[PDB]
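> sequence first, structure after; it's an experimental one.
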Number of protein chains: 2
Amino acid sequence: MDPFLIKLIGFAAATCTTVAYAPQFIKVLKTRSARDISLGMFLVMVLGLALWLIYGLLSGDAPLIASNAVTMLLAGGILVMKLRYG
Amino acid sequence: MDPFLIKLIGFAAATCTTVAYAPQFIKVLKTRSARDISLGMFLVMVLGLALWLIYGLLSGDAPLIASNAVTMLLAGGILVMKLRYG
């Protein structure tokens, strides 16, 4: 019945990107982005993440669940990007 | 036995981000990134994606499998980023 042990193994491997992804998100902010960038692209990505949470639960996978939580917190860099506007 | 129908549903939803993510990748290139950016972060992300393919197959999920294939092709934007070097 979809053993939880599988989720743990996936997280362990995904940890490399997840751990590296978090700091990488901040670096993107210093990438000197312009306001003329379509923020709509980022908004869509967030929508997929929200849905991925449901799918992740159905599979009992941790990487998708943990990624969604981590992304939400790290995503906070949205305010920084929005600063470029106006 | 992990019905394939589940993978199809996940892809349909993930299609929003997957479809939007592809064009978003190109836009990142025009983000005026600097060579002083740690490319190592991107390298690690790729490693996780390669492993995710195996995990994705184990779950029979299409979003992870399709994402890996799409990312590999779209990732090609690596050469553009490498151009900043030197």
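In hand now; what should we look at? Residues are numbered from 1 along each chain as shown, chains lettered A, B, ... in the order given.

> residue A:84 reaches residue A:33, doesn't it?
Yes: contact criterion C-beta atoms under 8 Å: residue A:84 and residue A:33 qualify, at 6.4 Å. All C-beta spots, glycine's among them, are computed from the backbone N, C-alpha and C.

> output the set of residues of chain A in proximity to chain B.
Residues of chain A found near chain B (C-beta under 8 Å from any C-beta of the partner chain) are A:6, A:9-10, A:13-14, A:16-18, A:20-21, A:23-24, A:27, A:31-34, A:37-38, A:41-42, A:44-45, A:47-49, A:51-52, A:55, A:58-59, A:61, A:63.

> more neighbours: which of residue A:84 and residue A:33?
Looking at residue A:84 and residue A:33 with other C-beta atoms under 10 Å in any protein chain shown, you find the greater number of neighbours at residue A:33, namely 19 against 13.

> give the buried residues for the longest helix seen in chain A.
For chain A, the longest helix by residue count, based on DSSP state H, is helix A:4-29. Taking 16 or more other C-beta atoms under 10 Å in any protein chain shown as the neighbour-count basis, helix A:4-29 is seen to contain the buried residues A:6-7, A:10-11, A:13-14, A:17-18, A:20-21, A:24-25, A:28.

> how big is the angle separating that helix from helix B:4-29?
Counting by axes from the mean of the first three to the mean of the last three C-alpha atoms, to 10 degrees, helix A:4-29 lies at 20 degrees to helix B:4-29.
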